[PDB]
Chemist: 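Below is a structure I'd like to ask you about.
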2 protein chains.
Amino acid sequence: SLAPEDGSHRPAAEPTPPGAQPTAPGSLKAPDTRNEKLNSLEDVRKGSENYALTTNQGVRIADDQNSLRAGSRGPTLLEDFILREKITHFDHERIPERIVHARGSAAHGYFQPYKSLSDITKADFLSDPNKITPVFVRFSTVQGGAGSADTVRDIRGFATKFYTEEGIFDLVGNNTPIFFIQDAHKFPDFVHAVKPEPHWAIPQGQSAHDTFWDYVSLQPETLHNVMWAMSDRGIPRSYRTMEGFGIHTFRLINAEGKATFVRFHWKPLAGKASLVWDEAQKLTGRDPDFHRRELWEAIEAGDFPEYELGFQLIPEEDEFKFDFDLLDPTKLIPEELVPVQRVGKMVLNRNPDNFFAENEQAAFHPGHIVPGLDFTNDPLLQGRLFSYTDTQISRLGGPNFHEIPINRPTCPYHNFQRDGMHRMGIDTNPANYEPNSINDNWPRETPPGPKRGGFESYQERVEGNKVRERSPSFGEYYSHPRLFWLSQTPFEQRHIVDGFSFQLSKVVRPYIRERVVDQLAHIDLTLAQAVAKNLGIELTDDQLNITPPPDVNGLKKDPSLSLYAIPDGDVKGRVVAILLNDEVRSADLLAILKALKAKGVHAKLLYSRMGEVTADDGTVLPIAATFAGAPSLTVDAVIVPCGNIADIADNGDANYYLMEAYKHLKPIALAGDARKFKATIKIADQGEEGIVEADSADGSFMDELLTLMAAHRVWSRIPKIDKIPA
Amino acid sequence: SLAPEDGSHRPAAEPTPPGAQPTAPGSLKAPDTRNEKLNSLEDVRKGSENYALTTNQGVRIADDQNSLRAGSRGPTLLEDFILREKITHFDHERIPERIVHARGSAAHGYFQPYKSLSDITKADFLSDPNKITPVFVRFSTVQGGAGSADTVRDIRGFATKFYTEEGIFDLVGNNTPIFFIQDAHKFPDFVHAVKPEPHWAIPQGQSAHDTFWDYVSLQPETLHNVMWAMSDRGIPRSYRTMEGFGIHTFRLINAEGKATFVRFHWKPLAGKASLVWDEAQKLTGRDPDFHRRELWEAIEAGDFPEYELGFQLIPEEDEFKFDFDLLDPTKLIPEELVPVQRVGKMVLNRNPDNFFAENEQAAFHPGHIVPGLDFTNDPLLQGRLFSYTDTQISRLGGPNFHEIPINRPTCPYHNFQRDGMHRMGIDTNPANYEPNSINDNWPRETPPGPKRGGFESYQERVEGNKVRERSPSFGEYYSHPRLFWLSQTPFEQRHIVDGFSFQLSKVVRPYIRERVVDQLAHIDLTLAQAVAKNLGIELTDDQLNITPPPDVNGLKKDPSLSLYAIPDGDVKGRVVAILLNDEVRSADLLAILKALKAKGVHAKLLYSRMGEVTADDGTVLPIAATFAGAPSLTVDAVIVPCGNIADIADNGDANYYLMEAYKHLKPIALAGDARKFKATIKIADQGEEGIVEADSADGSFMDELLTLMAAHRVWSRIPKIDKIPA
Ligand code: HDD
Ligand code: HEM
């Protein structure tokens, strides 16, 4: 026995806040959190405690420390089957990563609709508010490999596998409502342009390089999702604080056979929130696993990620009533024109047990639909339907990937398909063909019907010649980028301009910069002029005179496109750093900690070393991390209680902690003599908005701090931060 | 034509300094740089200019922008074979990454020995100083995935494939002279402990987590290579500025059949140099491709990486004469006991054309030896011989991986092996077996001899019973860690203390930190106490009484184990940041650039925006990057010329650039009114060693800067940097 005698090696099987206990496999951390998919995985879950170590053939091993040799300093023998099995399995652990969205973090949960949607769709999982559907959800970046960093600037994937009673439905979406390109035939061109360049394989997890902006400058259909990536949408604070979208128009089909067009949304119940660039980029260094870690720890704390599914619904007769084509995936449907109707709630409430087996091997594919749904002719969706089945043949080793446990349906599946690599199911049917008489034709086809019927495609009329031709209705590139720009707050616009300026600064061929600036001049001249100034480029007279693109169906803004214009802050699950000193005023710390706990806000006690410090009254304070070990990047706010401020006041790390939090627009609260830190951040005696300060942490100090946290960041500080050397 | 009329899309095919031209495929950047292996890849090199776009079957494509559909807003048709081929190939682009050392950067070059080694080895590639052997070299980290960052704390790989006239020899080494474990049977346990933990797949690129330190604490054989890893050897400045080692004792076999034991070394001719931890960790966020980039750009500039191959030779009769076992890969052979004999020079002088084809698919394996070399019974090397062939069957898709162009021998290869997936060679031999009469027994075995003979193993005597047992001679774990600690300078010892402190502070289970501090107390009580203080652990009386391990064969230190104890600086290929203002004093800039060019040191001109600025004499200066875009982390030294200093005197990013460089111990030079920046970094009027200052930048000013850069960093500043908040 090598475990400590006090049992401190094993995390408690109860919800605990981030950092309080080591993290564990979900079934050991939360054994009573159950759903029908999690229970169905029990046939393959493997324990370990009290069992003998064996080969994969069940032979007990006596010595797992040594190879078999001829003498204890002699050569290794070929007859060592125990060594060779163990090193063979090791040698073949890796499988190909996903071509795109290779970097991702996943969790188990459940979905329930708010009311039956039987009037608009016959989909069984939406038919009854008491029908619970298990889900598995994977969030991801796009460009980087599986070992790249989480808080890069990039689009994020948001993929949900619903294990329904009539089939698996995968809703495979991203966190922006459009994509970069119009037709799937260009997807390898676009992805090869954003990915690391082919001669040297640089840069990882970044679009800030010549080939991406060469392609963008030559393909103005990309400019709308480029706008979203350059905004703070491209750097979410967490997977819990971003929107999701299916992007394409799909169809709902009800039992009377009526089709309604639909676009799918997920609303984050934790609100929308993003990092600022300098913080995101620094965080890819200090904690490249920050979003993976944050998701896992929220679930362990009981801060479950929750999202509301909603639908934009357009009747078939209104297909042509907009200035843009509903089938064009570079266009959004403004919520001012078609509101999102709330449909039901998804809660993610359990981590996987093994990341490879459940996350790495999961396969999502937007062609996995169920009766009550159907596709449209969007030409990006149409090509996606080919790709996701094809790519699993190499990634997951063959055509039996639906037998890997995470991908298995929970409902029945039976057919005439046989064999393939890795075949698990042993069919007993005398027949492997239909029609057959030798098994009375079972399993049998099922007519379409209101419930539990066979799939049938909506009989949409097709009329046209066979052409490789883009619809002229798709040939408008600039009005949606402009609607996006005008919908952002002034600070969000500043952040967009800085995103394009930073990215084009890394493009080495200056002509590519110039061509991008020309495209910006076709969107909005204030944007193009501001990015041009940062690049030292002067707009020509012709550029200054480009006429702005039209409004989108009369709109000159839509606030639902902004992260922040409409307040939706939620503090639960956020975290605050508390900078300790060697003799902390304990009454300050009591007040701080209990106010935080009352609103579900976590704290991390930090100091210049690990171990403990003792407060004014003898209270022993356990230290979570050092200043340098858990930097202000990883927290939402900073609080300094009073005490012996001289302990830390000349500590460079403590001072820089506050400078960094201040640059990144985070709320900071200073009690008592911690107000001496006002000189480090240049705060005036009569103080400034976004800095909370009092003689003590009582009265309204914690309410004021918590108000600031619900507004996320102190945007009014932006003009104050440029002077600051941090 | 989409290219600019001025030709500015295409980099000049001549050596250029980093940032002067876009980077390019090696055969286009340096078409006149040749060696026999680079020529031999001409059969598979494919151009592009003036050729038509086709399918893989050679059919010209007319419209590569659209899928085929029934009408221009209609559904995609299954008969679109051009779309499906293009998307199928995309779908199957990825192959499994290497199980370890997945992150690596490679180059072509050549090697030649200084004199014939035929008295000690019959190996053909060491027989003639004028016979050149092409090589391909891959440098790597160990733990992280292929999209992880370069400047992590980790061991580095250094693998060289020599394309000899008598076969491929692969010397597959690392940058420290021992490994973590003794027997290959434990490699999957150690690798699993250092890799991301299996429930959640965190952390990437980092050993600072509970499982790694759990295994270390329970396996004291690991402590010697852990010490190197926690030292600044864990964070090299460049792959050009680290040592390489084959780690194991091998054998050299001469023409008379005599065996000499040998350990292989590479000496960097650019000298030994490493980052400091705060710089290295921030660089993984600001440029996760820093080492891959710096290697490619050194080769494009003509700053070719050069290494000296060296042998430690031990006669067979001296196998047992040290106080450690020569076959134990956790023991090094001190150079004070057995010197490194210089054997030859390797120069890397061309970058690949396609990273996937040449770097990703390259396969190195230490069992690829040639006549005149042989193995020993080192129990770690013996298990490696199984693994590297086995792992390529899945990674590279089958047993014909030697037919992948990068891996092909340049010498003849012929045998009776046939078939396997993606077989390229079409054999015309009537026989596929030997002995045969039908082809007069060709190809034929060849007797061993002095040159061009068949391979025969050295007839080592084997005596012992079939045991799984560790040699008792391997059971000593603390004397080499101690020798290494005592051989470091005082600043290097402080950085090792900081490396263990930072890592163990991230271990959540406190008893594991305690266990590791108890192991440290068995190596050196000063090290153990300094780590313990940072963790708030107090040594017990028993720990304070642990008797220090014995010296290694009487050695108290060996300065060849330190990076810096013996000066070996070389400034050629290093890079300085020059911080511009909008009216640069052109006389300073002239002087600076002339002195840098004389020593082969590059410069990058930086400002607060991109574009150009004009100096006092009218000279237009193009800007490489902004102060934030190319931080002080990416350079060796910072120079600020005079001019209109009020332009940048209050710029936050320029002042921070100097604070960050100062903190990281880099030389800083301030001319004229740029001396106003002394206030930001708190330098007294009288000045300080490591800050160069004068009225103008002249001969003397630059000589002093260049002398500082030859000593790499300003170690004497270390007590001054804790004050500064950066
Ligand atoms: C024609 C090819 C194609 C195109 C046009 C797209 N994808 Fe895709 N996508 C792939 C081909 C692909 C893929 C090669 O099939 C992947 C990689 C590995 C896998 O299983 O599927 C994939 C993976 C992938 C994943 C990760 C699924 C997971 O976590 O495993 C997400 C979230 C998306 N995609 C989302 C999108 C959205 C919202 C798109 C446009 C609206 C889109 N993809 C277009
Ligand atoms: C002994 C110290 C060791 C050193 C210095 C060493 C060095 C290396 C290096 C440098 C590479 C990367 C080669 C490249 O650039 O592609 C590598 C790959 C590998 N190593 Fe070793 N290694 C060591 C021990 C081992 C051991 C003991 C095993 C198994 C017992 C092992 C199994 C592998 C495998 C499976 C790969 C991937 C190779 C491929 O996919 O082509 N390593 N190691």
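Remember, it's 1-based here, ligands and their atoms both numbered in the order they're listed. In what follows, chains are A, B, ... by sequence order, proteins preceding strands, each numbered from 1.
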Chemist: Run the numbers for me: atoms of ligand 2, each under 4.0 Å from some heavy atom of A:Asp91, listed by number.
Modeler: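 Listed by number with element, the hits are 35 (C).
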Chemist: Around atom 43 (N) of ligand 1, find the nearest protein heavy atom and jot down its residue, atom name and distance.
Modeler: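 For atom 43 (N) of ligand 1, the nearest protein heavy atom comes out as A:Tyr388 OH, 2.9 Å.
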Chemist: For ligand 2, which atoms have a heavy atom of B:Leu380 less than 4.0 angstrom away?
Modeler: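 This gives 1 (C), 27 (C) as the contact atoms.
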Chemist: Under 6.0 Å between ring centres: does that hold for B:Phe250 and B:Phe264?
Modeler: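 Ring centres of B:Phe264 and B:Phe250 closer than 6.0 Å.
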Chemist: Any chance you could lay out the salt bridge (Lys or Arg N to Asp or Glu O under 4.0 Å) test for B:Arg395 and B:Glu97, step after step, and finish with the verdict?
Modeler: CA-CA 7 Å; B:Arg395 183 172 76 91; B:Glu97 72 181 15; over 6 Å; no
Chemist: For atom 36 (C) of ligand 2, which protein heavy atom lies nearest, and how many Å away is it?
Modeler: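 Answer for atom 36 (C) of ligand 2: B:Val100 CG2, 3.6 Å.
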Chemist: Checking the N or O distance criterion of under 3.5 Å, is ligand 1 in contact with A:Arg138?
Modeler: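 There is such a contact, yes.
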Chemist: Can you tell me which residue among B:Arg468, B:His185, B:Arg470 is in a side-chain contact (heavy atoms from CB on, under 4.5 Å) with A:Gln65?
Modeler: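 Only one option passes, and that is B:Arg470.
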Chemist: Given A:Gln182, which of A:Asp378, A:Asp328, A:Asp325 fulfils the side chain to side chain donor-acceptor pair (under 3.5 Å) condition?
Modeler: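 Filter result, single survivor: A:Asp328.
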Chemist: Give the residue and atom name of whichever protein heavy atom lies nearest to atom 39 (C) of ligand 2, and the separation in Å to one decimal.
Modeler: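 Scanning the protein heavy atoms, the shortest distance from atom 39 (C) of ligand 2 goes to B:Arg395 NE, 3.4 Å.
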Chemist: Indicate, with yes or no, if the rings of A:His480 and A:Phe324 have centres closer together than 6.0 Å.
Modeler: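 Centroid distance A:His480-A:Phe324: below 6.0 Å, so yes.
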Chemist: Using non-hydrogen atoms of the residue, decide whether B:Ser387 is closer than 4.0 angstrom to ligand 2.
Modeler: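 B:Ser387 counts as a contact of ligand 2 under the 4.0 Å cut-off.
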Chemist: Taking N or O atoms only and a 3.5 Å limit, does B:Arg98 qualify as a polar contact for ligand 2?
Modeler: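 It does: an N or O of B:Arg98 is found under 3.5 Å from an N or O of ligand 2.
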Chemist: May I ask you to check whether B:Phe158 and B:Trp266 place their ring centres under 6.0 Å from each other?
Modeler: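 Between B:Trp266 and B:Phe158, the centre distance is under 6.0 Å.
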Chemist: Provide, to 0.1 Å, the distance between atom 19 (C) of ligand 2 and the closest protein heavy atom, together with that atom's residue and name.
Modeler: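 Result for atom 19 (C) of ligand 2: B:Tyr388 CE2, 3.3 Å.
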Chemist: Below a 4.0 angstrom heavy-atom separation, can you tell me which part of B:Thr391, side chain or backbone, both or neither, approaches ligand 2?
Modeler: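 Only the side chain of B:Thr391 comes within reach of ligand 2.
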Chemist: Just need the protein heavy atom nearest to atom 11 (C) of ligand 1, so name the residue and atom and give the distance.
Modeler: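 The answer is A:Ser387 OG, 3.2 Å.
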Chemist: So which atom in A:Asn359 and which in A:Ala106 form the shortest heavy-atom distance, rounded to 0.1 Å?
Modeler: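 That would be ND2-N, 3.3 Å.
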